[PDB]
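Positions of Cβ are generated from backbone atoms using ideal geometry, with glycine treated the same way; all protein chains shown enter the neighbour counts. Read-outs: derived from the displayed coordinates by stated rules, not from any lab.
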Ligand SMILES: *[C@@H]1O[C@H](CO)[C@@H](O[C@@H]2O[C@H](CO)[C@@H](O)[C@H](O)[C@H]2NC(C)=O)[C@H](O)[C@H]1NC(C)=O
Ligand SMILES: *[C@@H]1O[C@H](CO)[C@@H](O[C@@H]2O[C@H](CO)[C@@H](O)[C@H](O)[C@H]2NC(C)=O)[C@H](O)[C@H]1NC(C)=O
Ligand SMILES: NC1=N[C@H](O)[C@H]2[C@H]3O[C@]4(O)O[C@@H]([C@@H](O)[C@@]2(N1)[C@@H]4O)[C@]3(O)CO
Ligand SMILES: *[C@@H]1O[C@H](CO)[C@@H](O)[C@H](O)[C@H]1NC(C)=O
Ligand SMILES: *[C@@H]1O[C@H](CO)[C@@H](O)[C@H](O)[C@H]1NC(C)=O
Ligand SMILES: *[C@@H]1O[C@H](CO)[C@@H](O)[C@H](O)[C@H]1NC(C)=O
Ligand code: NA
C-alpha cells in the first residue's frame, strides 16, 4: 500500500522495527543484524523474560490495521548498549506518559494564578522535568533519521520548541522579548489526547485548515476588491463634522484665509451635544446628517471615529473596515456612520458586501468544515463496524391513570416556580410556600407506594425512579433545614424537578435521547473549545496585560474598561467574547494602550474560534439530529385565463407601492390623500368582484379549504368592515387596510425558482415549532434560576442626569433618598420570568448582553448600592447559558433548513428518494451528455487589414497581457490615500492616461477583428463602457461639471473589470470547484434574497404605522426612524441580521414619560407601546434571522456538496466545457462530425479525468463507436464512450455496469 | 412632621420591619413626605422571601 506497505518494505533491508505496546507490552527486536528471539510468528512467551509482555498481544496489535502500537527504528546504537535498553523500557511504559499528563495539568494551574517568588523556583522544576522527557526520548529514537526520528512526528516538535524557549527565557533576555515567554502554554495542547475519542475531532480540525487554502485566497481577493471600492468612495468622509461659521460681526479679525483656517481647526468650534465623546457626522446629501443652523458641515477636520481606527483613508484601514463588515462584528455602527455622512443611497455598498461576503463566503467556510467532519465520521463508523464484525399497591401505583396524576402535579410545580418573583403580596406568597409542602408530600408518598408494589430489587433499575429518588431526598433535607439560616443552597435543587417531566411529552424525551447517545462527540468538541480558550487567554494576558495598567490614562475617564487582560478571569472572558463574534471593540482598546500586535491576536482567535470551532459544532449537530351551469363555465374560463391573471397581479403590485407612500408628511400632500382614498373604494369593489368570480369557478368546498383562499377571504372581509365604518360614522381602522400586502405572497410563489424556497419553509414550520418548544423549556430553567439570583438586585442610586453614585457616598436606598437622588431599576432586570426571557434573548443573540452582565456581576443584595465586579463569578451563569442555549439551540435551526432543502431540491429536479447517492452521480453524468451541443467558432474574415486583427485578438498571449494591465491599473488605485500631495496625484494621473490609450487600442483590435460577436461576452461590455467614458472624461475641453459624469461612477468601472480574473482562477482546482458551486446556486440565492425583501416590505409598512410618532430614544433619532418608507428599509435591513436590535427595542417600547395622543387638537402622541414592540421585533428576529438568513447556508451546503462529489466520482460541468473547447479545434464549423483519423489526436488533446493516453489506438478499438458514412463519427457517440471509460476505472468494473441503464432508459 | 410618624393604632409596625398584614401602619413620614405602607414580600435568596413593611 501507500503507508501500510511502504513501512513494511522498509523493514526488509533499510530499517526494521524495535518494540511495540498493546496492553503493557515491551519487545526487544533488532534491524536483522543481531536479533535475539523477538518474533517470527510464534505467538508465545517461552524464550525471553521481557518478550512475554509482547506475546499475548498478537491478537491486539492487529485490531484495525496497525492502530495499537508504535515502532522505533533501531538503526544508530541499539544493540550492545545498556543505556538505550533502559530508554525503550522508559518511553514505552505508560506510567512515564501518565506522569507527564499530571505534570502538564499541574503546571496549567500555576498559570491562572498571579505569580510570586515561589512560583519562579517551582517553574524551574518543571523546566528540568521536561528536559528529562526529551533526553530520554531522543536517546531511544535518534535525533533525525529517515525512519522514525524524534523530529518527525509533530507532537515532538511542540515538545522540543517549547522546551528550547524555556531555556532562552530563563538565562537571558529578561527585559526584551517578553512575548516568547507566553508561548510555553502551547504544551498544554498535548492534553487533548486524554479524552476518549479525540482523533476524530483533531483530524477533522487538521483537515478543515488544509482544505481552506483554496478559499482563503479567494476571500483575500474579494476583500482586496471591496477595500479598493471602499477607498475610492469613502476617503475623508468619516472626518465630516458640523463646524461653526466664521463670525462676521466680531472677533478673530475681519477675514483672512489664515484666520479662517485658525478658527475652523479649533475643536471648541465644532458641534457636540453635552454628552457624546465622539462628534456627530453630517453630510450635504439629501438624507444625510443635518447640521444645526449656525454650522456648515466641512470635511477634513480632526480625526476619524473610534480613536481613528474606523476609516477608509488608507488601504490598510479600508481593509480592516471591509473585513469587519464581512465578519459582521458591530457593523451597524459602521453602517450608521457611513449613511449619516454620505447619504442613504450608499446602502447599496453595504448590500453587496453583505451578500457576497457573509452570505456566500462565510457559508463556504461552514461547508468545508462540514465536509471535513463528515469524512472523519464515516472513516470511524466504517472501522467501528469492523470491530463489530404489596398487592393492592400494584393496582394503584402501576395504573396508567395514576401516572396521569403525577403529570398534573409536575406541571403545577413548574408553574409555581415561574410565578415566584420579586415584590409580591403575602397571600400570593402564602400560596406558593403552601404549595411547596403539598408537592413534596405527594412526591414522598409516590416513592413509598412505588417501593412497596415494586420492591427495591426492581425500583432502582428504571433510571427514572432513581432520578426521582434523588428529588425526594433533596426535598426532605430542604424540609429539615427549613428554619435554619445556615447554608440553604439545598433549596436550589428544586430546579431539578423540571427534568422529571421529560418523561411525558416525547419530543423532549426524543431530544434528550440523542444527547445521552452521542455524548462523547459533544465532550470532545467542548473540551477542545475550552482548551483553545485557555491557551489564548494565557498568551494575551502575558502579551497585553501590563499595557492596561501602565497606560491607563489613555482610556476615557482614566479608568480600566470592563474588558481587559489584567488577570485570568478577565482574559478568559474577553477571549470567549471573541468566539461569540465580537472582537473589534476589544481590539480598539488593545491598540490604544498597546502596539500593532493586537491585530494578529484578535483575528486568529476569531478565525479559530468562530469560523472553525463553532462550525464544527454545527457539523456535529447535522450528523446526530340551465343558466346556472353556463355561468360556472364563464367564470372558470376567466379564472384560468392568462391575461386575466396578469391584470390581477398588476393591481396588487401597483396598489402596494401606494401603501409605501403614505407616511409622515402625508397630510401635507392633500392630492395624495385623495388618491389613496379613492383607491380604497375601488379595491373594496375589486376584491368583492374577484371573490365571486373565484367562487363560481372553484366552488364552495374547494374554495374554503385552500390556504391561499382563506388568506384571500380575510382581505375581502377586512375591506367590507372598513367600508361599513366609513359609510356610517367611524373612521377606518388603519391596521385592517394593511392586510392587502399579504395578497402578494401568491404571485411571489411563482417566480421561476421560488418553488424550492417556499417549499422548504412550509415543510420546515412543524420542525421549527418543536425546536421553539424545546427552546422555551430549556430557557425556562435558566429563567427561573436568573430570577432566583438577580431579582431586585439591579437597582442603583443615580444622579440628576444619568450618573451612578459611588458606594462610599451612597450605601443603600436610605442614603439615596435622604440626599434627594433617584433609586432606579434597570430596563433589563430579571425581576420575573417574563423579564428574564427578554433578558435571556439579548444574551443569546449577543446584542445587549454587555449591560445585562455588568448588572449581574455588580449585584450585592436587595436595597444595597452595587459595587463593580463584586461577584465576578456570575460570569459562570452566562457561559453555561451561551453554550447550552445559544451554541446549541439556535444553531439547531440551521440543521433543520439544511436537511429539508436537500429533500425539496431532490423533489424539484424529478429525482427519486429511493436511489442511493452513487446512483445519482451516475444519473447526473448521463443527463449532461444528452444536453450537450458543439460550440460554433467565431468566423475569420478575408480582407487583409481586418483579418490579422482577428488573429491577434483570439491569441492567448494577447488575452494574458490584457489581464495583467487590468491588475496593474487597479493596484495603482490601492495606493491612493487621504491627504496625498498634489505632486503625488499628478504622477498617478499621467500614469492613468497611458493606460486609457492602451485599453483603447485593445478595444478597437477586438472590434475591427472579432466583430459583433464581441458584444456577447458579458465582460467585453464593461471593457467597452469604461473606455468610452474614460475618453469622454478626458476629451471635451469644456467639461461642464454640473452633474455631468460622476467621478465615483468612473472609478467603479475600473474596479469592476477585475472580475475577469475569476475566469483565470478556473485553472486552480480548488478555486474552480468553488466558483462553480457559486454559479449553480446563484439563481436560488437570488430567490431567497427576493423573498427577504418582500418580508422587509411587510415590516416596513406595518412599522411605519406603529412607530411613526415615537420620540427619539435609544437608537432612534432624526436620521434612523420609522417616519418614511426609505428610512424604514434602512433599519429593517440592519435588523435583519439582528445587529443592534436592543437599542431599537428601547425606543419602540419606551412608555415612561410620553405624551398622550389628543384626538381633538390633532396630536398623534409620541409613546411606545411595549406590548406591540415585543411582538414586532421577536416576530421579526425569528422569521428573518433564524430561518431566512439560515436559508443561505442551506443552499450553499447543498451545492458545494454536489460539486465536490462530482470532483471525487462524477465529471464536474467544466469538464464537459473542456470537451467542447477541444472538439472545436478539430470541428470549427460546428459540423458535429469528425473523421476517424482525427480521434487519435483528439483523445490525447483532452484533459483528465477524460483524457485517453497514447498509444490511443490500443484503447480506441477496446470501445465500440458507431461510425457513420465516410469514416465520420458523432460527438455523442464519442462522449458517451468516454463517460463509460471514466466510471470503469474509478471504483471497479462492476460499477461500470450501473451507467448503461440510464443510457438505455433515456436513449 | 418628623421621621417616625406612626399614623395609626398602637403596636403598629414601621418601615423595613416584618409583618403579617395585620400589623402595618397606614402612612409613615419617610424621606420628606407622607408615604403609605403595605406589607410586601421581597426576594432574599433561592425561593425565599422576607415579608416586610414596604412603601407603595
Ligand atoms: C457642504 O457644502 C458646503 C457648502 O454649503 C461646503 O462648504 C464650503 O467649503 C469650503 C471648503 O471646503 C469653504 O471654503 C466654503 O466657504 C464653504 N462654503 C460655504 C457656503 O460655507 C462643504 O465643503 C460641503 N461639505 C462636504 C462636501 O463635506
Ligand atoms: C431634599 O429636598 C428637600 C425638599 O424640600 C429639602 O428640604 C429641606 O429639608 C431640611 C431638613 O428636613 C429643612 O431643614 C429645610 O427647611 C428644607 N428646605 C431647604 C431649602 O433646605 C432638602 O434641602 C433636601 N435635602 C438636603 C440634604 O438638602
Ligand atoms: N458588537 C456589538 N453588537 C451590539 O449590537 C452592540 C450593542 O450591544 C452591546 O452590548 O453594547 C453596544 C455594543 O457594544 C454592542 N456590540 C454590544 O454587544 C450596543 O451597541 C448597545 O446596544
Ligand atoms: C481654541 O479657541 C479658544 C477660544 O476660542 C482659544 O483660546 C484657543 O487658543 C483655541 N485653540 C486651542 C488649541 O484650544
Ligand atoms: C491657530 O489655532 C491653533 C488651534 O486651533 C492654535 O494653537 C494657534 O495658536 C492659533 N494661531 C494663533 C496665531 O493663535
Ligand atoms: C450631569 O453630570 C454633571 C457632572 O457629574 C453634574 O454636575 C450635573 O449636575 C448633572 N446633571 C444635569 C446637568 O442635569
Ligand atoms: Na466587536
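Report the Cα centroid-to-centroid distance between the stretch A:1161-1182 and the stretch A:797-848 in angstrom, as an integer.
Each part reduced to its Cα centre gives a spacing of 24 Å.
How far apart, in nanometres, would the label points at residue A:1305 and residue A:559 be if each is projected 7 angstrom from Cα along the Cα-to-Cβ direction?
The two pseudo-label positions are separated by 7.4 nm.
Multiply the residue separation of residue A:1292 and residue A:1163 by 0.36 nm, subtract the distance between their alpha-carbon atoms, and state the gained length in nm to one decimal.
Extra length available between residue A:1292 and residue A:1163 comes to 38.3 nm.
Fewest to most neighbouring Cβ within 10 Å: what's the order for A:1013, A:107?
Result, fewest neighbours first: A:1013, A:107.
Hey, got the average number of other protein chain Cβ atoms within 10 angstrom for residues in B:48-55?
3
Could you tell me the distance between the Cα centroids of the stretch A:880-949 and the stretch A:590-624, to the nearest Å?
Going from one Cα centre to the other spans 30 Å.
Given a Förster radius of 25 Å and the C-beta distance between residue A:1207 and residue A:1236 as r, what FRET efficiency does 1/(1 + (r/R0)^6) yield to the nearest 0.05?
With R0 = 25 Å, the Cβ-Cβ based efficiency is 0.15.
If you count, for every residue in A:778-791, the Cβ atoms of partner chains within 10 Å of its Cβ, what is the mean?
Partner Cβ neighbours, averaged per residue: 1.
Mind listing the Cα extents of chain B along all three principal axes, in Å, largest one first?
For chain B, the Cα extents along the three principal axes come out at 40, 23, 13 Å.
Would you mind ranking A:635, A:1268, A:282, A:943 so that the residue whose beta carbon has the fewest other beta carbons within 10 Å leads the list?
Placing the least packed residue first, the sequence is A:943, A:1268, A:635, A:282.
Where a ≥ b ≥ c are the square roots of the eigenvalues of the C-alpha gyration tensor, would you call the protein assembly as shown rounded, which needs a/c under 1.5, or, failing that, prolate if a/b is larger than b/c, or oblate?
Here the protein assembly as shown falls in the rounded category.
Please give the Cα centre distance for chain B versus the stretch A:521-580, rounded to the nearest Å.
47 Å
Where does the protein assembly as shown land at 222 nm, in deg cm²/dmol rounded to the nearest 500, when only DSSP H runs of n ≥ 4 count, each adding -39500 (n - 2.57), divided by all residues?
Roughly -16500 deg cm²/dmol at 222 nm, from the helical runs in the protein assembly as shown.
Report D for the stretch A:1095-1170 in µm² per second (integer): Stokes-Einstein, Kirkwood Rh on Cα pairs, 37 °C, 0.692 mPa s.
Once the numbers are plugged in, D ends up at 259 µm²/s.
Exposure proxy check: A:1128, A:912 ranked by fewest other beta carbons within 10 Å?
A:912, A:1128
Averaged across B:34-42, how many Cβ atoms of other chains sit within 10 Å of each residue's Cβ atom?
3
Applying 1/(1 + (r/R0)^6) with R0 = 25 Å to the Cβ-Cβ distance of residue A:46 and residue A:86, what FRET efficiency is obtained, to the nearest 0.05?
Efficiency, rounded to the nearest 0.05: 0.50.
Could you compute the FRET efficiency for residue A:345 and residue B:34, with r as their C-beta to C-beta distance and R0 at 41 Å, rounded to 0.05?
The computed FRET efficiency comes out at 0.10.
Residue A:286 versus residue A:355, label points 7 Å from Cα toward the beta carbon: distance in nm?
Between residue A:286 and residue A:355, the label points sit 2.2 nm apart.
Give me the distance in nm between label points sitting 7 Å out from Cα along the Cα-to-Cβ direction at residue A:822 and residue A:1069, one decimal.
It is 6.8 nm.
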